[PDB]
Amino acid sequence: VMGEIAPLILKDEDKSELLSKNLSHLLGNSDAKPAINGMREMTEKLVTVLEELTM
DNA sequence: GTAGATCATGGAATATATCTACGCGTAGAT
C-alpha cells in the first residue's frame, strides 16, 4: 500500500518517507471496518488508483 | 193462697432527515 497506492492517493508527501508509516495514515483506520467495501470516498480513490495501476 | 208454667187469641397527524453532546476504540509514538 505505501509502496504504490499511497503516492497516487496521498498527493503531496515524500514517498520514501511514506514507506515507513502505519496503514491508517492513508486508509483511515478510525473508520476502517468492512465498510471499505462500500461506497465511501477513500474506497472511491482506492478503486481509481488500483484500476489505474493495473489498467 | 200465690208464683211459675201453660194455653188462648187472634183477617184478609405522522415519519424522517438533521443538529448536537458524549463515551470511546483505536491510532500514534516509543
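Along each chain, numbering proceeds from 1 in written sequence order. Entry numbering may differ, and residues lacking coordinates are not shown. Numbering of ligands from 1 and lettering of chains from A proceed in the order in which they are written. Although these chains sit within a larger assembly, the values stated refer solely to the portion shown. Values shown for side chains rest on all heavy atoms present in the structure; no hydrogens or waters enter the calculation.

For this deposited structure, the header cites cryo-EM as the method used and 3.19 Å as the resolution.

Any residue with a heavy atom positioned within 4 Å of a molecule or strand is treated as near that molecule or strand. In the region of DNA strand B, the neighbouring residues are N22, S24, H25, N29 and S30. For DNA strand B, the backbone portion of the atoms within 4 Å of the protein, that is sugar and phosphate, comes to 100%. Distance and chemistry together define a polar contact, namely a pair of N or O atoms within 3.5 Å, with one atom able to donate a hydrogen and the other to accept it when in protein, and with adjacent residues in sequence counting only for side-chain atoms on both sides. In the model, a phosphate oxygen of DNA strand B is placed 3.3 Å from a nitrogen or oxygen of the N22 side chain. Among the residues making up the surface near DNA strand B, the classes are represented as no nonpolar, five polar and no charged. Under the convention adopted here, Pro, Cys and the residues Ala, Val, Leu, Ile, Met, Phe, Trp and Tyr are nonpolar, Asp, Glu, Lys and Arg are charged, and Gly plus all remaining residues are polar.

Further remarks concern unusual backbone geometry. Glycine aside, a negative phi is what most residues show, and trans is what most peptide bonds show. Residue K33 is not a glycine yet carries a positive backbone phi of 65°. Helix numbering and strand numbering both begin at the N terminus, where a helix is a DSSP run of H or I of at least 4 residues and a strand a DSSP run of E of at least 2. If you trace the backbone, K33 turns up in the loop between α3 (24–27) and α4 (41–54). Despite not being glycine, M55 shows a phi value in the positive range, around 35°. Residue position: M55 is located in the segment after α4. Residue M55 is classed as exposed on the basis of its relative accessible area of 80%. We call a residue buried when its accessible area falls under 20% of the maximum for its residue type, exposed when it is over 50%, and partly exposed in between, using a 1.4 Å probe and counting protein chains only.

In this section: the nonpolar core. For the purposes of this section, nonpolar cores are sets of buried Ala, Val, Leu, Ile, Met, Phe, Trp, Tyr and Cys residues that join through side-chain atoms within 4.5 Å. Counting seven residues, the largest nonpolar core consists of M2, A6, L10, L18, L26, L27 and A32. Whether two residues touch is decided by their heavy atoms; if any such pair falls within 4.5 Å, the residues are in contact. Apart from residues no more than four positions distant in its own chain, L26 is found in contact with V1, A6, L10 and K45.

When a carboxyl oxygen of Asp or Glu lies within 4 Å of a side-chain nitrogen of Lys or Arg, that pair is called a salt bridge. Taken as a whole, this structure holds one salt bridge when the rule is applied. For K21, the salt bridge is made with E17, and the minimal N-O distance between the two is 3.2 Å. What makes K21 partly exposed here is its relative accessible area of 38%.

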